[PDB]
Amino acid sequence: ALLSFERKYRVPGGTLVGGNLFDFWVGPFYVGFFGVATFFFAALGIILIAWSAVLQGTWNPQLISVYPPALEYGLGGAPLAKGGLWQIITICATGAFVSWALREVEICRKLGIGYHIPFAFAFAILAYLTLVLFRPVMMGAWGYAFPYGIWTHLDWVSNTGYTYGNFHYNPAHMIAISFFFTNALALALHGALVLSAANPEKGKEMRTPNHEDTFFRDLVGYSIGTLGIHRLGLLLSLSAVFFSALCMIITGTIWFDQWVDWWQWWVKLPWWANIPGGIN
């Protein structure tokens, strides 16, 4: 079925590959060549994971866990049982995500809109690739990737973090967090503002953009604007993921000890390094 105003948009075209071959819809979902590719990669990965569960001995979601090759395999292949399955699932994941993104590009073309969404999504994909491809390679071992388990991957986050003491000290990490907190702050603010205008005090007429602007202007002395609040949201979100990837790509590659010791470059700076007093 379609939305009461949909028909006029379901026209031919927009495809990047295969022409009109896969240019059709299945219910609400649009397919296209990459819709097919997504299914393929998705199915293959879910099947290989289900297969990894058999060899493991459970169908318990909270226990299933596909680990990457042991450090013993460096960047080489590994028996489907000791890292291979992971390797091939990681391949299916990357192939599914990327296809998913290319699938949004075709939809953008058929709808005549900008490519901001898939472009934004690619930042998510790159952060993923940083954890399972880039960082592992730079450290020369597939074994540094995180395991695919609902709970086992937190163990990884936990153990990977404590390898360098309290991870809070990773400077790039502080920046990432700041954008994550700021973005949620901004999301709640934007949502509330648009809502406070469309749904004013009972009985009154819905407010106008000028009200949104004056409310915020009265509250903090500034209004970023309707166009600007959306650029901000995208900016805050992508920057959070950019710095997340950055904080990891440098951990274990160019930095190896307790992150807290890195802050010494500032404490031991020649001019004030030995001045008596304070904490140091």
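Don't overthink the numbering: it's just position in the shown sequence, from 1.
Visitor: Averaging the C-alpha B factors as listed in the entry, name the stretch that ends up higher: 65-73 or 233-241.
Guide: Here the higher of the two C-alpha B-factor means belongs to 65-73.
Visitor: Quick check: 242-250 versus 52-60, which has the larger average CA B-factor in the record?
Guide: Going by the record's values, the stretch with the higher mean is 52-60.
Visitor: With respect to the C-alpha temperature factors reported in the PDB entry, which of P171, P118, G140, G114 ranks highest?
Guide: If I rank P171, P118, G140, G114 by C-alpha B-factor, first place goes to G140.
Visitor: For the listed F97, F179, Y162, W86, which has the peak Cα B-factor recorded in the PDB entry?
Guide: Among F97, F179, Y162, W86, the highest C-alpha B-factor in the entry belongs to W86.
Visitor: Lowest, middle or highest third: which one holds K202 when the chain's residues are ordered by CA B-factor from the entry?
Guide: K202: CA B-factor falls in the highest third of its chain.
Visitor: For the chain shown, is the CA B-factor of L227 in the lowest, middle or highest third of its modelled residues?
Guide: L227: CA B-factor falls in the lowest third of its chain.
Visitor: Tell me, lowest, middle or highest third: where does the Cα B factor of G149 rank within its chain?
Guide: Middle third - that is where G149 ends up once the chain's C-alpha B-factors are sorted.
Visitor: Among the modelled residues of this chain, does the Cα B factor of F39 put it in the lowest, middle or highest third?
Guide: Highest third of the chain for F39's C-alpha B-factor.
Visitor: Lowest, middle or highest third: which one holds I91 when the chain's residues are ordered by CA B-factor from the entry?
Guide: CA B-factor rank for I91: middle third.
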